[PDB]
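*Asks:* Structure file start.cif (mmCIF, C-alpha atoms and all ligand atoms) right here:
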data_target
#
loop_
_atom_site.label_atom_id
_atom_site.label_comp_id
_atom_site.auth_asym_id
_atom_site.auth_seq_id
_atom_site.Cartn_x
_atom_site.Cartn_y
_atom_site.Cartn_z
CA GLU A 271 -47.05 54.91 -2.29
CA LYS A 272 -45.99 55.66 -5.86
CA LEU A 273 -48.73 56.32 -8.38
CA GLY A 274 -46.62 55.76 -11.49
CA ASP A 275 -45.05 57.62 -14.37
CA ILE A 276 -46.47 58.65 -17.74
CA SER A 277 -44.68 59.29 -21.03
CA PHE A 278 -46.20 61.57 -23.65
CA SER A 279 -45.08 63.77 -26.51
CA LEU A 280 -46.07 67.38 -27.14
CA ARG A 281 -46.01 69.15 -30.50
CA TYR A 282 -47.17 72.68 -31.30
CA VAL A 283 -47.67 74.01 -34.84
CA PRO A 284 -47.94 77.80 -34.43
CA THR A 285 -49.13 78.71 -37.93
CA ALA A 286 -52.09 76.33 -37.81
CA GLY A 287 -52.60 76.62 -34.05
CA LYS A 288 -52.49 72.83 -33.63
CA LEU A 289 -51.43 71.15 -30.40
CA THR A 290 -50.79 67.39 -30.59
CA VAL A 291 -50.40 65.17 -27.52
CA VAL A 292 -49.36 61.54 -28.02
CA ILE A 293 -49.89 59.31 -24.99
CA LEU A 294 -46.92 56.96 -25.34
CA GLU A 295 -46.93 54.65 -22.30
CA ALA A 296 -47.12 54.49 -18.52
CA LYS A 297 -45.03 52.53 -16.06
CA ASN A 298 -45.13 51.34 -12.46
CA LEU A 299 -48.75 52.35 -12.03
CA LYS A 300 -50.35 51.85 -8.64
CA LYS A 301 -52.26 48.59 -8.25
CA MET A 302 -55.72 49.87 -7.43
CA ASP A 303 -57.56 46.80 -6.08
CA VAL A 304 -56.79 43.52 -4.32
CA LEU A 307 -54.18 44.66 -11.56
CA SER A 308 -55.33 48.05 -12.74
CA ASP A 309 -57.10 48.58 -16.08
CA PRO A 310 -55.56 51.91 -17.15
CA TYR A 311 -56.75 54.42 -19.69
CA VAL A 312 -55.65 58.04 -20.02
CA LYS A 313 -57.88 61.13 -20.22
CA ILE A 314 -56.73 64.46 -21.61
CA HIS A 315 -58.55 67.68 -20.79
CA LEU A 316 -57.68 70.98 -22.44
CA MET A 317 -58.55 73.68 -19.93
CA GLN A 318 -58.63 77.46 -19.91
CA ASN A 319 -59.20 79.08 -16.49
CA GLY A 320 -61.36 76.41 -14.94
CA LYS A 321 -63.32 75.73 -18.14
CA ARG A 322 -63.00 72.56 -20.19
CA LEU A 323 -62.46 73.31 -23.88
CA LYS A 324 -62.04 69.71 -25.07
CA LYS A 325 -61.63 66.15 -23.79
CA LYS A 326 -60.03 63.06 -25.31
CA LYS A 327 -59.18 59.59 -24.03
CA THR A 328 -57.16 56.52 -24.95
CA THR A 329 -58.32 52.95 -25.27
CA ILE A 330 -58.29 50.76 -22.16
CA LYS A 331 -55.48 48.29 -21.45
CA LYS A 332 -56.81 45.62 -19.10
CA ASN A 333 -54.78 44.15 -16.25
CA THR A 334 -51.44 45.96 -16.51
CA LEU A 335 -49.38 48.42 -14.50
CA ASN A 336 -47.21 49.11 -17.59
CA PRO A 337 -49.48 49.95 -20.54
CA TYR A 338 -48.27 50.93 -24.00
CA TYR A 339 -50.58 53.20 -26.02
CA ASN A 340 -48.91 55.36 -28.70
CA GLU A 341 -52.25 57.10 -29.22
CA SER A 342 -52.36 60.61 -30.70
CA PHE A 343 -54.79 63.45 -30.00
CA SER A 344 -54.97 66.93 -31.46
CA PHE A 345 -56.38 70.21 -30.17
CA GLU A 346 -57.03 73.56 -31.81
CA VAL A 347 -55.30 76.26 -29.76
CA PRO A 348 -54.55 79.61 -31.46
CA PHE A 349 -51.10 81.12 -30.99
CA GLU A 350 -52.40 83.95 -28.81
CA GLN A 351 -53.94 81.44 -26.37
CA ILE A 352 -51.17 78.85 -26.07
CA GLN A 353 -49.79 80.32 -22.81
CA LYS A 354 -53.29 80.51 -21.27
CA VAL A 355 -54.26 76.81 -21.36
CA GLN A 356 -53.50 73.66 -19.43
CA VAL A 357 -53.22 70.15 -20.83
CA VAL A 358 -54.38 67.93 -17.97
CA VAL A 359 -53.46 64.23 -18.17
CA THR A 360 -55.15 61.72 -15.84
CA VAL A 361 -54.56 57.96 -15.67
CA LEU A 362 -57.70 56.17 -14.49
CA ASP A 363 -58.64 52.59 -13.62
CA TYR A 364 -61.53 51.34 -15.74
CA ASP A 365 -64.14 49.61 -13.60
CA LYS A 366 -67.00 47.71 -15.22
CA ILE A 367 -69.31 48.22 -12.25
CA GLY A 368 -68.72 51.60 -10.63
CA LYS A 369 -66.99 54.90 -11.18
CA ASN A 370 -63.50 54.95 -12.68
CA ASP A 371 -61.05 55.99 -9.96
CA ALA A 372 -58.06 58.16 -10.80
CA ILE A 373 -54.64 56.57 -10.41
CA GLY A 374 -52.72 59.83 -10.79
CA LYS A 375 -52.60 63.10 -12.65
CA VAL A 376 -50.26 65.75 -14.07
CA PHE A 377 -50.59 68.89 -16.14
CA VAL A 378 -48.48 70.96 -18.49
CA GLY A 379 -48.89 74.61 -19.45
CA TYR A 380 -47.50 78.00 -18.61
CA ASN A 381 -48.61 77.80 -14.97
CA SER A 382 -47.06 74.36 -14.42
CA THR A 383 -43.72 73.91 -12.64
CA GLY A 384 -40.49 71.94 -12.71
CA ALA A 385 -40.31 69.18 -15.30
CA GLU A 386 -43.89 69.87 -16.40
CA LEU A 387 -43.03 73.47 -17.25
CA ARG A 388 -39.79 72.36 -18.91
CA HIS A 389 -41.65 70.00 -21.23
CA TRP A 390 -44.17 72.72 -22.16
CA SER A 391 -41.44 75.31 -22.70
CA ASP A 392 -39.35 72.89 -24.81
CA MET A 393 -42.40 72.33 -27.04
CA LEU A 394 -42.88 76.07 -27.54
CA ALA A 395 -39.16 76.67 -28.20
CA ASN A 396 -39.04 73.93 -30.86
CA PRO A 397 -42.21 74.34 -32.93
CA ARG A 398 -43.46 71.57 -35.24
CA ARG A 399 -41.33 68.91 -33.48
CA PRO A 400 -42.75 66.34 -31.04
CA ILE A 401 -40.92 66.37 -27.70
CA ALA A 402 -41.24 63.21 -25.59
CA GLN A 403 -40.81 63.30 -21.83
CA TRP A 404 -41.65 61.27 -18.73
CA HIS A 405 -43.65 62.76 -15.85
CA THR A 406 -44.30 61.61 -12.30
CA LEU A 407 -48.01 61.13 -11.59
CA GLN A 408 -49.33 63.01 -8.55
CA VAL A 409 -52.49 62.76 -6.44
CA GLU A 410 -55.52 64.14 -8.25
CA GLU A 411 -56.48 66.57 -5.49
CA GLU A 412 -52.98 68.06 -5.34
CA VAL A 413 -52.90 68.72 -9.07
CA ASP A 414 -56.41 70.17 -8.93
CA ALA A 415 -55.21 72.62 -6.27
CA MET A 416 -52.23 73.76 -8.36
CA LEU A 417 -54.33 74.13 -11.53
CA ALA A 418 -55.86 77.18 -9.85
CA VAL A 419 -52.59 79.07 -9.22
CA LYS A 420 -51.89 81.67 -11.93
CA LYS A 421 -48.35 82.88 -12.69
PB PB A 501 -60.31 47.95 -12.52
#
In structure tokens, what does this structure look like?

*Replies:*
Amino acid sequence: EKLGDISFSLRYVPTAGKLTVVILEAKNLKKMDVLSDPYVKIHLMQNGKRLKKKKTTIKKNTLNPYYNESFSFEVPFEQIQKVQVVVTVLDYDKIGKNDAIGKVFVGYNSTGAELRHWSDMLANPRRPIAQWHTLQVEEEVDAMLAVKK
């Protein structure tokens, strides 16, 4: 079963140590119940610890939400290859916990297209770079978050 895909942009401003993530949209999200009510959480992490959290508004009853919602984080130059930006799409439930639809992260210890997006940001400072990412199962991303390069 596919969980969906998420589009976001990354921008790093080295002089000011400012990291901006814009959640653009998601597509083909998993239908969670017998349609999902997606919102997106961002966690900035450094070695298991949460430095900052942000989240988008909620788009009710859609597998294909459009957000274009921007979030900024303070990350000094010397720390930018030590953090992870963790992006989770969740299903808002009025009565009960909000279950995760899928998850992805970018940062130096990411891989494949996640690493490429992060590296393209760092190679092209001050410019937002947009890219799509395949959402993965929360527990599998959590496992990989713990593998250092
Ligand atoms: Pb729901």

*Asks:* Find the residues of chain A that sit at most 12 Å from ligand PB 501 (chain A); for each, write down the nearest two atoms and how far apart they are in Å, to one decimal. Count all atoms listed in the file. Sort by chain, then by number going up, and give it as CSV.

*Replies:*
residue,atom,partner,partner_atom,distance
A:300,CA,A:PB501,PB,11.4
A:301,CA,A:PB501,PB,9.1
A:302,CA,A:PB501,PB,7.1
A:303,CA,A:PB501,PB,7.1
A:304,CA,A:PB501,PB,10.0
A:307,CA,A:PB501,PB,7.0
A:308,CA,A:PB501,PB,5.0
A:309,CA,A:PB501,PB,4.8
A:310,CA,A:PB501,PB,7.7
A:311,CA,A:PB501,PB,10.3
A:330,CA,A:PB501,PB,10.2
A:331,CA,A:PB501,PB,10.2
A:332,CA,A:PB501,PB,7.8
A:333,CA,A:PB501,PB,7.7
A:334,CA,A:PB501,PB,9.9
A:335,CA,A:PB501,PB,11.1
A:361,CA,A:PB501,PB,12.0
A:362,CA,A:PB501,PB,8.8
A:363,CA,A:PB501,PB,5.1
A:364,CA,A:PB501,PB,4.8
A:365,CA,A:PB501,PB,4.3
A:366,CA,A:PB501,PB,7.2
A:367,CA,A:PB501,PB,9.0
A:368,CA,A:PB501,PB,9.4
A:369,CA,A:PB501,PB,9.7
A:370,CA,A:PB501,PB,7.7
A:371,CA,A:PB501,PB,8.5
A:372,CA,A:PB501,PB,10.6
A:373,CA,A:PB501,PB,10.5

*Asks:* If you measure from atom CA of residue 389 of chain A to atom CA of residue 404 of chain A, what distance in Å do you get, rounded to one decimal?

*Replies:*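 These two atoms are separated by 9.1 Å.
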
*Asks:* What does the structure give for the distance between atom CA of residue 293 of chain A and atom CA of residue 278 of chain A, in Å to one decimal?

*Replies:* 4.5 Å

*Asks:* In Å, with one decimal, what is the gap from atom CA of residue 374 of chain A to atom CA of residue 274 of chain A?

*Replies:*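 Computing it gives 7.4 Å between the two atoms.
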
*Asks:* Go through A:340, A:299, A:324, A:376 and flag the residue nearest residue 415 of chain A, using only C-alpha atoms for the distances.

*Replies:* A:376

*Asks:* Using all atoms listed in the file, which residues sit within 6 Å of segment 394-401 of chain A once same-chain residues fewer than 2 positions away are excluded, as a ChimeraX atom specification?

*Replies:* /A:279-283,391-392

*Asks:* Residues near residue 405 of chain A, anyone? I mean within 10 Å using all atoms listed in the file, not counting same-chain ones fewer than 2 positions away, as a list in words.

*Replies:* residues 274, 275, 276, 277, 278, 296, 375, 376, 377, 378, 385, 386, 389, 403, 407 and 408 of chain A

*Asks:* Those same residues, written as an mmCIF file, keeping the file's coordinate frame with C-alpha atoms?

*Replies:*
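Result written to selection07.cif:
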data_model
loop_
_atom_site.group_PDB
_atom_site.id
_atom_site.type_symbol
_atom_site.label_atom_id
_atom_site.label_comp_id
_atom_site.auth_asym_id
_atom_site.auth_seq_id
_atom_site.Cartn_x
_atom_site.Cartn_y
_atom_site.Cartn_z
ATOM 1 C CA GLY A 274 -46.620 55.760 -11.490
ATOM 2 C CA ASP A 275 -45.050 57.620 -14.370
ATOM 3 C CA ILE A 276 -46.470 58.650 -17.740
ATOM 4 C CA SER A 277 -44.680 59.290 -21.030
ATOM 5 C CA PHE A 278 -46.200 61.570 -23.650
ATOM 6 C CA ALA A 296 -47.120 54.490 -18.520
ATOM 7 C CA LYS A 375 -52.600 63.100 -12.650
ATOM 8 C CA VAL A 376 -50.260 65.750 -14.070
ATOM 9 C CA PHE A 377 -50.590 68.890 -16.140
ATOM 10 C CA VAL A 378 -48.480 70.960 -18.490
ATOM 11 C CA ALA A 385 -40.310 69.180 -15.300
ATOM 12 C CA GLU A 386 -43.890 69.870 -16.400
ATOM 13 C CA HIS A 389 -41.650 70.000 -21.230
ATOM 14 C CA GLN A 403 -40.810 63.300 -21.830
ATOM 15 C CA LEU A 407 -48.010 61.130 -11.590
ATOM 16 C CA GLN A 408 -49.330 63.010 -8.550
#

*Asks:* Of the candidates A:272, A:321, A:421, A:315, which one gets nearest to residue 344 of chain A if we count all atoms listed in the file?

*Replies:*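 Checking each candidate against residue 344 of chain A, we get A:315 as the closest.
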
*Asks:* Let me make sure I understand: among A:383, A:406, A:319, A:328, which one has the smallest atom-to-atom distance to residue 351 of chain A if we use only C-alpha atoms?

*Replies:*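 Checking each candidate against residue 351 of chain A, we get A:319 as the closest.
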
*Asks:* When distances are computed from all atoms listed in the file, which of A:288, A:297, A:322, A:388 shows the smallest separation from residue 355 of chain A?

*Replies:* A:322

*Asks:* Select all residues near (-53.0, 79.5, -27.3) (cut-off 10 Å, inclusive, file coordinates), counting all atoms listed in the file, and output them as JSON, numbers by chain.

*Replies:* {"A": [282, 284, 287, 288, 289, 318, 346, 347, 348, 349, 350, 351, 352, 353, 354, 355, 356]}

*Asks:* Using all atoms listed in the file, which residue out of A:393, A:273, A:314, A:290 lies closest to residue 380 of chain A?

*Replies:*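 Of the candidates, the smallest distance to residue 380 of chain A is held by A:393.
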